[PDB]
Amino acid sequence: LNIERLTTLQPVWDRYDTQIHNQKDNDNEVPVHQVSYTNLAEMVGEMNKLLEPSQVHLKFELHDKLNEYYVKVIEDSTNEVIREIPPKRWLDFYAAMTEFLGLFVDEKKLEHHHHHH
């Protein structure tokens, strides 16, 4: 597909809110990792460089609070946080949007190899 004309994350929210709200007990080779502070930057890094060549200019911010450190999604067009994802749900969001974005991007140039299978 073509991501250069992609502006929306509706299909992502569709999936994400289906998942988060209807949580299951099943393994489908879903990325399961202990989300350490280093792990945030890892997924956030590749996440940004996937959306930059599109209209979906989301600016992901890492902000720590009390015991947690979550990634808040700031929409560049409005300069406000439209979505806040805690680290313990970031893995699902990561997959949710990766399936979506990887349908647009050339599933060869992605070279984002998280070796845990």
# chains A, B, ... in the order shown; residues from 1 in each chain; ligands from 1
>>> select_by_dssp(residues="chain A", states="strand (DSSP E or B)", output="number ranges by chain")
A: 58-65, 68-75, 80-85
>>> write_last_selection(atoms="C-alpha atoms", output="mmCIF file, in the first residue's frame")
data_model
loop_
_atom_site.group_PDB
_atom_site.id
_atom_site.type_symbol
_atom_site.label_atom_id
_atom_site.label_comp_id
_atom_site.auth_asym_id
_atom_site.auth_seq_id
_atom_site.Cartn_x
_atom_site.Cartn_y
_atom_site.Cartn_z
ATOM 1 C CA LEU A 58 2.521 11.821 15.974
ATOM 2 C CA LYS A 59 5.145 12.982 18.424
ATOM 3 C CA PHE A 60 5.644 10.378 21.111
ATOM 4 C CA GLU A 61 6.653 11.670 24.522
ATOM 5 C CA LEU A 62 8.061 9.638 27.381
ATOM 6 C CA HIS A 63 6.969 10.971 30.743
ATOM 7 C CA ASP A 64 7.629 9.377 34.087
ATOM 8 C CA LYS A 65 5.310 9.597 37.075
ATOM 9 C CA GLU A 68 5.529 4.453 35.981
ATOM 10 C CA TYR A 69 6.873 5.946 32.773
ATOM 11 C CA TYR A 70 4.405 6.006 29.913
ATOM 12 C CA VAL A 71 4.338 7.249 26.346
ATOM 13 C CA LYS A 72 1.861 10.002 25.581
ATOM 14 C CA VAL A 73 0.980 10.596 21.946
ATOM 15 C CA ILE A 74 1.029 14.256 20.982
ATOM 16 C CA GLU A 75 -0.713 15.143 17.733
ATOM 17 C CA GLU A 80 -1.916 18.242 22.548
ATOM 18 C CA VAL A 81 -1.869 14.714 23.933
ATOM 19 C CA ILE A 82 -4.580 12.690 22.206
ATOM 20 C CA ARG A 83 -3.664 9.310 23.680
ATOM 21 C CA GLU A 84 -1.715 8.101 26.710
ATOM 22 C CA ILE A 85 -0.358 4.557 26.660
#
>>> select_by_dssp(residues="chain A", states="helix (DSSP H, G or I)", output="PyMOL selection string")
chain A and resi 10-21+37-51+87-104
>>> residues_around(residues="residue 33 in chain A", least_positions_apart="6", cutoff="9 Å", atoms="only C-alpha atoms", output="mmCIF file with C-alpha atoms, in the first residue's frame")
data_model
loop_
_atom_site.group_PDB
_atom_site.id
_atom_site.type_symbol
_atom_site.label_atom_id
_atom_site.label_comp_id
_atom_site.auth_asym_id
_atom_site.auth_seq_id
_atom_site.Cartn_x
_atom_site.Cartn_y
_atom_site.Cartn_z
ATOM 1 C CA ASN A 39 12.819 -0.798 26.139
ATOM 2 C CA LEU A 91 3.512 -3.822 23.729
ATOM 3 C CA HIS A 116 12.203 -13.233 20.833
#
>>> residues_around(residues="range 4-21 of chain A", least_positions_apart="6", cutoff="10 Å", atoms="only C-alpha atoms", output="list in words")
residues 51, 52, 53, 54, 55, 56, 57, 89, 92, 93, 94, 95, 96, 97, 98, 99, 100, 101, 104 and 105 of chain A
>>> write_last_selection(atoms="N, CA, C and O atoms", output="compact mmCIF listing (two decimals), in the first residue's frame")
# COMPACT_ATOMS: atom_id res chain seq x y z
N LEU A 51 6.13 6.71 10.97
CA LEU A 51 5.01 7.62 10.76
C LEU A 51 5.45 8.94 10.14
O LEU A 51 4.64 9.66 9.56
N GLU A 52 6.73 9.26 10.26
CA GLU A 52 7.28 10.49 9.71
C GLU A 52 7.02 10.66 8.20
O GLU A 52 6.68 11.77 7.76
N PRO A 53 7.17 9.61 7.36
CA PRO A 53 6.91 9.72 5.92
C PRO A 53 5.42 9.75 5.55
O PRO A 53 5.06 9.60 4.38
N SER A 54 4.55 9.96 6.54
CA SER A 54 3.12 10.02 6.29
C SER A 54 2.55 11.33 6.82
O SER A 54 3.30 12.22 7.24
N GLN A 55 1.23 11.45 6.80
CA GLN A 55 0.56 12.61 7.37
C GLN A 55 0.35 12.42 8.86
O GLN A 55 0.06 13.37 9.58
N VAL A 56 0.50 11.19 9.31
CA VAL A 56 0.32 10.87 10.71
C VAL A 56 1.55 11.31 11.51
O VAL A 56 2.39 10.49 11.89
N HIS A 57 1.68 12.60 11.71
CA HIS A 57 2.82 13.12 12.46
C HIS A 57 2.52 13.12 13.94
O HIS A 57 2.14 14.14 14.52
N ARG A 89 1.02 -1.53 28.49
CA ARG A 89 0.09 -1.74 27.38
C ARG A 89 0.75 -1.34 26.07
O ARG A 89 0.17 -1.48 24.99
N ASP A 92 1.13 -4.00 23.26
CA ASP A 92 -0.04 -4.28 22.45
C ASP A 92 -0.23 -3.19 21.40
O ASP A 92 -0.46 -3.49 20.23
N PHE A 93 -0.09 -1.94 21.82
CA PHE A 93 -0.19 -0.81 20.90
C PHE A 93 0.87 -0.91 19.81
O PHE A 93 0.60 -0.65 18.64
N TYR A 94 2.08 -1.30 20.22
CA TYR A 94 3.18 -1.52 19.29
C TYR A 94 2.76 -2.49 18.20
O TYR A 94 2.87 -2.18 17.01
N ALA A 95 2.26 -3.65 18.59
CA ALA A 95 1.82 -4.66 17.64
C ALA A 95 0.64 -4.16 16.82
O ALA A 95 0.63 -4.28 15.59
N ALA A 96 -0.34 -3.57 17.51
CA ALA A 96 -1.56 -3.08 16.87
C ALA A 96 -1.26 -2.18 15.68
O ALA A 96 -1.81 -2.37 14.60
N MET A 97 -0.38 -1.22 15.89
CA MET A 97 -0.06 -0.27 14.84
C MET A 97 0.95 -0.85 13.85
O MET A 97 0.96 -0.46 12.69
N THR A 98 1.81 -1.76 14.31
CA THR A 98 2.78 -2.39 13.43
C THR A 98 2.09 -3.23 12.35
O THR A 98 2.46 -3.15 11.18
N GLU A 99 1.09 -4.02 12.73
CA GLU A 99 0.32 -4.75 11.74
C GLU A 99 -0.29 -3.78 10.73
O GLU A 99 -0.26 -4.01 9.53
N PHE A 100 -0.82 -2.69 11.25
CA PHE A 100 -1.41 -1.64 10.42
C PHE A 100 -0.37 -0.98 9.51
O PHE A 100 -0.51 -0.99 8.29
N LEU A 101 0.69 -0.43 10.11
CA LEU A 101 1.69 0.32 9.35
C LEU A 101 2.49 -0.60 8.43
O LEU A 101 2.83 -0.21 7.32
N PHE A 104 1.31 -1.04 5.06
CA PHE A 104 1.60 0.05 4.15
C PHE A 104 3.06 0.01 3.71
O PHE A 104 3.35 0.07 2.52
N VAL A 105 3.97 -0.09 4.68
CA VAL A 105 5.39 -0.11 4.37
C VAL A 105 5.82 -1.39 3.70
O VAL A 105 5.15 -2.43 3.82
>>> residues_around(residues="range 44-46 of chain A", least_positions_apart="3", cutoff="8 Å", atoms="only C-alpha atoms", output="list in words")
residues 40, 41, 49, 50, 60 and 112 of chain A
>>> write_last_selection(atoms="N, CA, C and O atoms", output="tab-separated table (two decimals), in the first residue's frame")
chain	number	residue	atom	x	y	z
A	40	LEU	N	11.49	1.23	26.31
A	40	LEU	CA	10.63	2.29	25.80
A	40	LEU	C	11.24	2.93	24.56
A	40	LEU	O	10.63	2.96	23.49
A	41	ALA	N	12.48	3.41	24.71
A	41	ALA	CA	13.17	4.10	23.63
A	41	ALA	C	13.32	3.21	22.40
A	41	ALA	O	13.21	3.69	21.27
A	49	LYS	N	9.88	6.68	13.25
A	49	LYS	CA	10.43	6.71	11.89
A	49	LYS	C	9.53	5.98	10.90
A	49	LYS	O	9.80	5.95	9.70
A	50	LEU	N	8.45	5.39	11.40
A	50	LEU	CA	7.47	4.72	10.55
A	50	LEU	C	6.35	5.68	10.16
A	50	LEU	O	5.70	5.49	9.13
A	60	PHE	N	5.73	11.19	19.91
A	60	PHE	CA	5.64	10.38	21.11
A	60	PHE	C	6.52	10.95	22.21
A	60	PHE	O	7.71	11.23	22.00
A	112	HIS	N	12.97	-4.32	11.42
A	112	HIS	CA	12.89	-4.11	12.85
A	112	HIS	C	12.79	-5.46	13.56
A	112	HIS	O	11.72	-5.94	13.91
>>> decode(residues="range 70-98 of chain A", atoms="N, CA and C atoms", output="JSON list (two decimals), in the first residue's frame")
[["chain", "number", "residue", "atom", "x", "y", "z"],
["A", 70, "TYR", "N", 5.24, 6.37, 31.05],
["A", 70, "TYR", "CA", 4.40, 6.01, 29.91],
["A", 70, "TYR", "C", 4.67, 6.91, 28.72],
["A", 71, "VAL", "N", 4.17, 6.49, 27.57],
["A", 71, "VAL", "CA", 4.34, 7.25, 26.35],
["A", 71, "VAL", "C", 3.03, 7.92, 25.97],
["A", 72, "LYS", "N", 3.03, 9.24, 25.98],
["A", 72, "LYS", "CA", 1.86, 10.00, 25.58],
["A", 72, "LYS", "C", 2.02, 10.45, 24.14],
["A", 73, "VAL", "N", 0.97, 10.26, 23.36],
["A", 73, "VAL", "CA", 0.98, 10.60, 21.95],
["A", 73, "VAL", "C", 0.49, 12.02, 21.74],
["A", 74, "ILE", "N", 1.38, 12.88, 21.26],
["A", 74, "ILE", "CA", 1.03, 14.26, 20.98],
["A", 74, "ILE", "C", 0.81, 14.44, 19.49],
["A", 75, "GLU", "N", -0.38, 14.90, 19.13],
["A", 75, "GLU", "CA", -0.71, 15.14, 17.73],
["A", 75, "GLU", "C", -0.14, 16.49, 17.31],
["A", 76, "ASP", "N", 0.75, 16.47, 16.32],
["A", 76, "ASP", "CA", 1.48, 17.67, 15.91],
["A", 76, "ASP", "C", 0.55, 18.78, 15.45],
["A", 77, "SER", "N", -0.56, 18.41, 14.82],
["A", 77, "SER", "CA", -1.48, 19.39, 14.26],
["A", 77, "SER", "C", -2.23, 20.18, 15.34],
["A", 78, "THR", "N", -2.31, 19.63, 16.54],
["A", 78, "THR", "CA", -3.04, 20.28, 17.63],
["A", 78, "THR", "C", -2.13, 20.62, 18.81],
["A", 79, "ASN", "N", -0.97, 19.96, 18.88],
["A", 79, "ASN", "CA", 0.03, 20.21, 19.93],
["A", 79, "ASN", "C", -0.42, 19.67, 21.29],
["A", 80, "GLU", "N", -1.42, 18.80, 21.30],
["A", 80, "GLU", "CA", -1.92, 18.24, 22.55],
["A", 80, "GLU", "C", -1.83, 16.72, 22.56],
["A", 81, "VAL", "N", -1.89, 16.16, 23.76],
["A", 81, "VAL", "CA", -1.87, 14.71, 23.93],
["A", 81, "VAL", "C", -3.24, 14.13, 23.63],
["A", 82, "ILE", "N", -3.31, 13.28, 22.62],
["A", 82, "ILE", "CA", -4.58, 12.69, 22.21],
["A", 82, "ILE", "C", -4.74, 11.27, 22.74],
["A", 83, "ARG", "N", -3.65, 10.69, 23.22],
["A", 83, "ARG", "CA", -3.66, 9.31, 23.68],
["A", 83, "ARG", "C", -2.50, 9.06, 24.63],
["A", 84, "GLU", "N", -2.77, 8.43, 25.76],
["A", 84, "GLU", "CA", -1.71, 8.10, 26.71],
["A", 84, "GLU", "C", -1.65, 6.59, 26.91],
["A", 85, "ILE", "N", -0.52, 6.00, 26.56],
["A", 85, "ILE", "CA", -0.36, 4.56, 26.66],
["A", 85, "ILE", "C", 0.68, 4.20, 27.73],
["A", 86, "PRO", "N", 0.24, 3.53, 28.80],
["A", 86, "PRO", "CA", 1.15, 3.04, 29.84],
["A", 86, "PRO", "C", 2.09, 1.96, 29.29],
["A", 87, "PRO", "N", 3.30, 1.83, 29.87],
["A", 87, "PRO", "CA", 4.33, 0.90, 29.38],
["A", 87, "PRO", "C", 3.83, -0.54, 29.34],
["A", 88, "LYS", "N", 2.93, -0.88, 30.25],
["A", 88, "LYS", "CA", 2.42, -2.24, 30.36],
["A", 88, "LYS", "C", 1.30, -2.51, 29.35],
["A", 89, "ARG", "N", 1.02, -1.53, 28.49],
["A", 89, "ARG", "CA", 0.09, -1.74, 27.38],
["A", 89, "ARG", "C", 0.75, -1.34, 26.07],
["A", 90, "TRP", "N", 1.98, -0.84, 26.17],
["A", 90, "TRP", "CA", 2.70, -0.33, 25.01],
["A", 90, "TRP", "C", 3.01, -1.45, 24.02],
["A", 91, "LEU", "N", 3.20, -2.66, 24.55],
["A", 91, "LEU", "CA", 3.51, -3.82, 23.73],
["A", 91, "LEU", "C", 2.36, -4.14, 22.78],
["A", 92, "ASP", "N", 1.13, -4.00, 23.26],
["A", 92, "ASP", "CA", -0.04, -4.28, 22.45],
["A", 92, "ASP", "C", -0.23, -3.19, 21.40],
["A", 93, "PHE", "N", -0.09, -1.94, 21.82],
["A", 93, "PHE", "CA", -0.19, -0.81, 20.90],
["A", 93, "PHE", "C", 0.87, -0.91, 19.81],
["A", 94, "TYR", "N", 2.08, -1.30, 20.22],
["A", 94, "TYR", "CA", 3.18, -1.52, 19.29],
["A", 94, "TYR", "C", 2.76, -2.49, 18.20],
["A", 95, "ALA", "N", 2.26, -3.65, 18.59],
["A", 95, "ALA", "CA", 1.82, -4.66, 17.64],
["A", 95, "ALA", "C", 0.64, -4.16, 16.82],
["A", 96, "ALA", "N", -0.34, -3.57, 17.51],
["A", 96, "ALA", "CA", -1.56, -3.08, 16.87],
["A", 96, "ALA", "C", -1.26, -2.18, 15.68],
["A", 97, "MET", "N", -0.38, -1.22, 15.89],
["A", 97, "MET", "CA", -0.06, -0.27, 14.84],
["A", 97, "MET", "C", 0.95, -0.85, 13.85],
["A", 98, "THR", "N", 1.81, -1.76, 14.31],
["A", 98, "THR", "CA", 2.78, -2.39, 13.43],
["A", 98, "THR", "C", 2.09, -3.23, 12.35]]
